[PDB]
Amino acid sequence: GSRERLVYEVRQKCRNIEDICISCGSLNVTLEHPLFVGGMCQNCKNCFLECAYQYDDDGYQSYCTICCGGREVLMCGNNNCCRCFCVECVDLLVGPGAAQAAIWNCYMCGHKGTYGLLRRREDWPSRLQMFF
Ligand SMILES: [Zn+2]
Ligand SMILES: [Zn+2]
Ligand SMILES: [Zn+2]
């Protein structure tokens with residue numbers, strides 16, 4: 001429960017989110033997460049690279065935008081986007097209960113950029129370019 005605990009101490013202000021991997025909870029941050037404020041480890045960098053823009057037969061992305069996994073997910077209704085966010089990531093990073101309330105424009109498409117501890121990066125489009 002490493003990611004849960006690290007996020008718990010972000011909220012308690014004992015830790016900076018930029019110092020944790022927001023995907024897996026590794027403290028071995030190698031990089032800035034290109035979409036959201038928070039760190040990312042190398043293993044998750046490779047996951048992101050490998051999983052990015054893989055699609056399921058439903059026409060929505062196969063893997064959660066934050067963690068690269070997920071079963072039950074929220075799916076973006078912006079057809080230029082088609083991203084998914086798993087319910088566990090949403091409840092962890094936005095806050096408890098936030099997944100079932102969301103159940104839609106996703107966190108990348110919404111007007112607001114801040115949702116709980118989840119904060120969209122202003123230069124995200126050009127960060128992905130750098131990332132890839
Ligand atoms: Zn990681
Ligand atoms: Zn996830
Ligand atoms: Zn979207």
# chains A, B, ... in the order shown; residues from 1 in each chain; ligands from 1
call {"tool": "residues_near_ligand", "arguments": {"ligand": "ligand 1", "cutoff": "9 Å", "atoms": "only C-alpha atoms and all ligand atoms", "output": "list in words"}}
result
residues 20, 21, 22, 23, 24, 25, 26, 27, 28, 29, 39, 40, 41, 42, 43, 44, 45, 47 and 67 of chain A
call {"tool": "closest_atom_pairs", "arguments": {"of": "chain A", "to": "ligand 2", "cutoff": "9 Å", "atoms": "only C-alpha atoms and all ligand atoms", "output": "tab-separated table"}}
result
residue	atom	partner	partner_atom_place_in_ligand_line	distance
A:23	CA	ligand 2	1 (Zn)	7.1
A:63	CA	ligand 2	1 (Zn)	7.8
A:64	CA	ligand 2	1 (Zn)	4.6
A:65	CA	ligand 2	1 (Zn)	6.5
A:66	CA	ligand 2	1 (Zn)	5.0
A:67	CA	ligand 2	1 (Zn)	4.0
A:68	CA	ligand 2	1 (Zn)	6.2
A:69	CA	ligand 2	1 (Zn)	5.8
A:70	CA	ligand 2	1 (Zn)	5.4
A:71	CA	ligand 2	1 (Zn)	8.8
A:73	CA	ligand 2	1 (Zn)	8.1
A:84	CA	ligand 2	1 (Zn)	8.4
A:85	CA	ligand 2	1 (Zn)	5.6
A:86	CA	ligand 2	1 (Zn)	4.3
A:87	CA	ligand 2	1 (Zn)	6.9
A:88	CA	ligand 2	1 (Zn)	6.0
A:89	CA	ligand 2	1 (Zn)	4.3
A:90	CA	ligand 2	1 (Zn)	7.3
call {"tool": "write_last_selection", "arguments": {"atoms": "C-alpha atoms", "output": "PDB file, in the first residue's frame"}}
result
ATOM      1  CA  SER A  23       1.635   5.811 -11.220  1.00  0.00           C
ATOM      2  CA  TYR A  63      -4.858   1.498 -20.226  1.00  0.00           C
ATOM      3  CA  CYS A  64      -5.485   4.049 -17.458  1.00  0.00           C
ATOM      4  CA  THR A  65      -3.821   7.365 -18.305  1.00  0.00           C
ATOM      5  CA  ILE A  66      -2.226   7.581 -14.853  1.00  0.00           C
ATOM      6  CA  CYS A  67      -1.167   4.037 -13.875  1.00  0.00           C
ATOM      7  CA  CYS A  68      -1.193   2.069 -17.233  1.00  0.00           C
ATOM      8  CA  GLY A  69      -3.467  -0.630 -15.847  1.00  0.00           C
ATOM      9  CA  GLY A  70      -7.082  -0.613 -14.679  1.00  0.00           C
ATOM     10  CA  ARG A  71     -10.187  -2.764 -15.054  1.00  0.00           C
ATOM     11  CA  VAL A  73     -12.593   2.823 -15.758  1.00  0.00           C
ATOM     12  CA  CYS A  84      -9.595   6.151 -19.621  1.00  0.00           C
ATOM     13  CA  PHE A  85      -8.961   6.689 -15.896  1.00  0.00           C
ATOM     14  CA  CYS A  86      -9.288   3.707 -13.570  1.00  0.00           C
ATOM     15  CA  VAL A  87     -11.521   4.052 -10.509  1.00  0.00           C
ATOM     16  CA  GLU A  88      -8.691   3.306  -8.050  1.00  0.00           C
ATOM     17  CA  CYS A  89      -6.529   6.136  -9.434  1.00  0.00           C
ATOM     18  CA  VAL A  90      -9.462   8.557  -9.281  1.00  0.00           C
TER      19      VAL A  90
END
call {"tool": "residues_around", "arguments": {"residues": "residue 83 of chain A", "least_positions_apart": "5", "cutoff": "12 Å", "atoms": "only C-alpha atoms", "output": "ChimeraX atom specification"}}
result
/A:51-56,58-66,68,73-78,104-109
call {"tool": "select_by_dssp", "arguments": {"residues": "chain A", "states": "strand (DSSP E)", "output": "ChimeraX atom specification"}}
result
/A:31-32,39-40,73-75,84-86,114-115,118-119
call {"tool": "residues_around", "arguments": {"residues": "residue 8 of chain A", "least_positions_apart": "2", "cutoff": "12 Å", "atoms": "only C-alpha atoms", "output": "JSON, numbers by chain"}}
result
{"A": [1, 2, 3, 4, 5, 6, 10, 11, 12, 13, 14, 15, 16, 17, 20, 25, 92, 93, 94, 95, 96, 117]}
call {"tool": "closest_residue", "arguments": {"among": "A:82, A:37, A:49, A:31", "to": "ligand 3", "atoms": "only C-alpha atoms and all ligand atoms"}}
result
A:82
call {"tool": "atom_distance", "arguments": {"atom1": "atom CA of residue 118 of chain A", "atom2": "atom CA of residue 91 of chain A"}}
result
10.6 Å
call {"tool": "atom_distance", "arguments": {"atom1": "atom CA of residue 125 of chain A", "atom2": "atom CA of residue 9 of chain A"}}
result
29.3 Å
call {"tool": "closest_residue", "arguments": {"among": "A:38, A:126, A:80, A:103", "to": "ligand 3", "atoms": "only C-alpha atoms and all ligand atoms"}}
result
A:80
call {"tool": "closest_residue", "arguments": {"among": "A:7, A:110, A:129, A:33", "to": "ligand 3", "atoms": "only C-alpha atoms and all ligand atoms"}}
result
A:110
call {"tool": "decode", "arguments": {"residues": "segment 47-61 of chain A", "atoms": "N, CA and C atoms", "output": "PDB file, in the first residue's frame"}}
result
ATOM      1  N   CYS A  47       6.366   1.575 -19.311  1.00  0.00           N
ATOM      2  CA  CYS A  47       4.936   1.271 -19.388  1.00  0.00           C
ATOM      3  C   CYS A  47       4.134   2.289 -20.192  1.00  0.00           C
ATOM      4  N   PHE A  48       4.244   3.561 -19.824  1.00  0.00           N
ATOM      5  CA  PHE A  48       3.562   4.674 -20.505  1.00  0.00           C
ATOM      6  C   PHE A  48       3.919   4.633 -21.988  1.00  0.00           C
ATOM      7  N   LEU A  49       5.218   4.545 -22.292  1.00  0.00           N
ATOM      8  CA  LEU A  49       5.678   4.488 -23.682  1.00  0.00           C
ATOM      9  C   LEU A  49       5.095   3.320 -24.459  1.00  0.00           C
ATOM     10  N   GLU A  50       5.098   2.135 -23.838  1.00  0.00           N
ATOM     11  CA  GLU A  50       4.588   0.912 -24.458  1.00  0.00           C
ATOM     12  C   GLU A  50       3.055   0.902 -24.627  1.00  0.00           C
ATOM     13  N   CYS A  51       2.338   1.401 -23.618  1.00  0.00           N
ATOM     14  CA  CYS A  51       0.857   1.303 -23.509  1.00  0.00           C
ATOM     15  C   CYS A  51       0.097   2.450 -24.143  1.00  0.00           C
ATOM     16  N   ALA A  52       0.813   3.546 -24.355  1.00  0.00           N
ATOM     17  CA  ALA A  52       0.223   4.779 -24.830  1.00  0.00           C
ATOM     18  C   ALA A  52      -0.448   4.573 -26.170  1.00  0.00           C
ATOM     19  N   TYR A  53      -1.707   4.988 -26.243  1.00  0.00           N
ATOM     20  CA  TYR A  53      -2.479   4.965 -27.472  1.00  0.00           C
ATOM     21  C   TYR A  53      -2.736   3.563 -28.036  1.00  0.00           C
ATOM     22  N   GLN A  54      -2.600   2.538 -27.203  1.00  0.00           N
ATOM     23  CA  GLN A  54      -3.126   1.213 -27.487  1.00  0.00           C
ATOM     24  C   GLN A  54      -4.637   1.312 -27.236  1.00  0.00           C
ATOM     25  N   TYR A  55      -5.458   0.805 -28.153  1.00  0.00           N
ATOM     26  CA  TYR A  55      -6.935   0.839 -28.017  1.00  0.00           C
ATOM     27  C   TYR A  55      -7.603  -0.544 -27.866  1.00  0.00           C
ATOM     28  N   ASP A  56      -8.673  -0.606 -27.067  1.00  0.00           N
ATOM     29  CA  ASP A  56      -9.514  -1.791 -26.931  1.00  0.00           C
ATOM     30  C   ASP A  56     -10.552  -1.790 -28.054  1.00  0.00           C
ATOM     31  N   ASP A  57     -11.202  -2.930 -28.283  1.00  0.00           N
ATOM     32  CA  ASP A  57     -12.232  -3.070 -29.314  1.00  0.00           C
ATOM     33  C   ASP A  57     -13.436  -2.128 -29.115  1.00  0.00           C
ATOM     34  N   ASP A  58     -13.570  -1.536 -27.925  1.00  0.00           N
ATOM     35  CA  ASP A  58     -14.588  -0.513 -27.746  1.00  0.00           C
ATOM     36  C   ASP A  58     -14.217   0.877 -28.301  1.00  0.00           C
ATOM     37  N   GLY A  59     -13.003   1.025 -28.823  1.00  0.00           N
ATOM     38  CA  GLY A  59     -12.548   2.317 -29.363  1.00  0.00           C
ATOM     39  C   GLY A  59     -12.048   3.315 -28.305  1.00  0.00           C
ATOM     40  N   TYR A  60     -11.911   2.868 -27.065  1.00  0.00           N
ATOM     41  CA  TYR A  60     -11.335   3.716 -26.029  1.00  0.00           C
ATOM     42  C   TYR A  60      -9.996   3.127 -25.623  1.00  0.00           C
ATOM     43  N   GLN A  61      -9.147   3.952 -25.035  1.00  0.00           N
ATOM     44  CA  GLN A  61      -7.774   3.517 -24.750  1.00  0.00           C
ATOM     45  C   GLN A  61      -7.766   2.300 -23.822  1.00  0.00           C
TER      46      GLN A  61
END
